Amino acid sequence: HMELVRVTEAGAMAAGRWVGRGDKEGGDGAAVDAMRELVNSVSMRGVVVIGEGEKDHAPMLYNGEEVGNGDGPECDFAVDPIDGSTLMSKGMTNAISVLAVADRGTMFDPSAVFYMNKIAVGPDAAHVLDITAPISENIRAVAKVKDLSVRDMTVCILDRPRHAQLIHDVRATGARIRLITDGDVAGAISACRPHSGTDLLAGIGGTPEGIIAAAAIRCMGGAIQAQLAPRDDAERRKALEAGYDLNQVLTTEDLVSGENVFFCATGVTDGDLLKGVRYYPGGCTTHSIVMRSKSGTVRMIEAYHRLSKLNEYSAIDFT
């Protein structure tokens, strides 16, 4: 179902006009609108499971909203218009626009708790992860199964005060850290991609972002392990009376359980996997990735969009 890439293409192109303009909500809204317009044109019967929030504080792509033209089987729809609106609003690297689709009911509930602790690797270390052990243990286990020196392991980590210990422990291990200021959907995918220069994603980030990353891991190979991370005892009580086993280790398939899973993403700014939107006299280029669990096929898709006429402008070159 390659056509879904046009949804993240439209989101990235809409957000491209807000890159560096210091207005996170302006580019968010632009991306959301462009993506909803395109997803309703697609032959698919979606319900927004991960979106912009719930029916009020989210005017569009709210949790529960129906999407697609009506035609198609009913499925779960997850969208992150920009994974890290602040990267977009400041014009820094690695902002991406994201969607995932899976069988109806197979996506974990993103409202369970705001945060989850995470660790993710690529397929050749997919069975040695233990999110309950310290990071040094995970690093050494991944290092050995990969036959690498620990000092050549690279761990992607959100730069946050709450990660002071995790960062220290990775360094004391001797491994390296790629500090990111936002975007652990992108950081999760780079850990799982075979030869990307990051071996591991570790740390607490958003629960919706963990689920969307699980969808991509479901298609691409690898594993993420996660645990819900209540912010305080109030939120801990909520998740407990809601039925959640706060000791459960969530695996990739726990977060997205369908057998038909689809993921795609388009660069908004230049990143370690996707180039951002680039502008030219005649139009723009987008750079996307598309993948499916059923076939395991992964597609890199570079597109030249004519922002109008034919023969009016020069031809277009693609790296």
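Just count from 1 along the sequence shown to find any residue number.
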Going by the mean C-alpha B-factor recorded in the entry, which is higher: 240 to 248 or 133 to 141?
240 to 248
Entry B factor averaged over C-alpha atoms, 70 to 78 against 166 to 174: higher for 70 to 78
Given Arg278, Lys55, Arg292, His287, identify the residue with the highest C-alpha B factor in the PDB entry.
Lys55
If you rank the chain by CA B-factor, which third does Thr106 end up in: lowest, middle or highest?
middle
Could you say whether, by C-alpha temperature factor, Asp182 belongs to the lowest, middle or highest third of its chain?
lowest
Third of the chain, ranked by Cα B-factor, where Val298 sits
middle
Check where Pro194 lands among this chain's C-alpha B-factors and tell me if it's the lowest, middle or highest third.
highest
Sorting the chain's CA B-factors, does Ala234 end up in the lowest, middle or highest third?
highest
